[PDB]
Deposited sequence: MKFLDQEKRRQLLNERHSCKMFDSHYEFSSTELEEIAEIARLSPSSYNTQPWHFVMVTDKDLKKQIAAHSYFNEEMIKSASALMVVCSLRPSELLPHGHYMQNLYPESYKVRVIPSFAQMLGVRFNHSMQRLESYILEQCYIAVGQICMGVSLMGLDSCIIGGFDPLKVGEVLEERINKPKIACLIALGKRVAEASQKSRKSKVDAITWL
C-alpha cells in the first residue's frame, strides 16, 4: 500500500529542504492554506494532548513586522507566501528546562517534522525558523492574540531557486545496527 516508489520517496527527502528564498509573486490559495492546517492538526502526540496552536500569518504588513525582527531571516520571511507561528500551549491548558514545558515542545517538534513533509508532498517549500527576537515577535502579535509561547516559526511558499545540497554526518555517526 505504498504512495510513492523508491525514486520518488528518495526525491522527496531531498525536496524537503530549508528554502532560503520564496517566490513573492506566488500567493497561497485557501485550498493550500487549509491543507497545511490539516497537516499540522492531524499530527501525532503523546496521549493525544495536541499541546499546540498554529497561527497562519498571511497579511504582508503583519508578516513584515515579524520579519523586521528575524535578523538575517528578514528578507526570507518577507518573501514567503505564509508564515506559520508554532505556538506551545500553556501547562494550565495541557492539564484539566521546565518538565511540562519541555514535554509540550517535544510534541510541537513532532508536528513540525510532519508539516514539512506534508508541504513537500503538495509541491511547495518551507523553512523552519528559530533565528528571531522572541520578545519582539510576541509584541507585534499581542493585541491580535493572547501572548503566546513560541516554539518555532515555519516560513512557507514556492521556491525561486533549486534545493540546496544535503549536508549530514555519516550514516555510521547517526545509525547503529542491531
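Q: Could you list, start to end, the deposited-sequence stretches with no C-alpha atoms?
A: Hole in the chain trace, numbered from 1: 97-128.
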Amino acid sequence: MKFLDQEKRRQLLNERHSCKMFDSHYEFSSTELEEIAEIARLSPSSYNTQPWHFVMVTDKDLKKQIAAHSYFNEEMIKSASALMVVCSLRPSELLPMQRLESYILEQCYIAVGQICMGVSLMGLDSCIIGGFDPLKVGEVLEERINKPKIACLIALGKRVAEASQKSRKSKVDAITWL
From here on, numbers count along this sequence of modelled residues.
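Q: Using only the Cα atoms and their B-factors as the entry lists them, report which of 62-70 and 37-45 averages higher.
A: Stretch with the greater average CA B-factor: 62-70.
Q: Using the B-factors recorded in the PDB entry, average over the C-alpha atoms of 139-147 and of 47-55, then report which stretch comes out higher.
A: So the stretch with the higher mean C-alpha B-factor is 139-147.
Q: What third of the chain, by the recorded C-alpha B-factor, contains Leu94?
A: According to the entry, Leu94 has a C-alpha B-factor in the chain's highest third.
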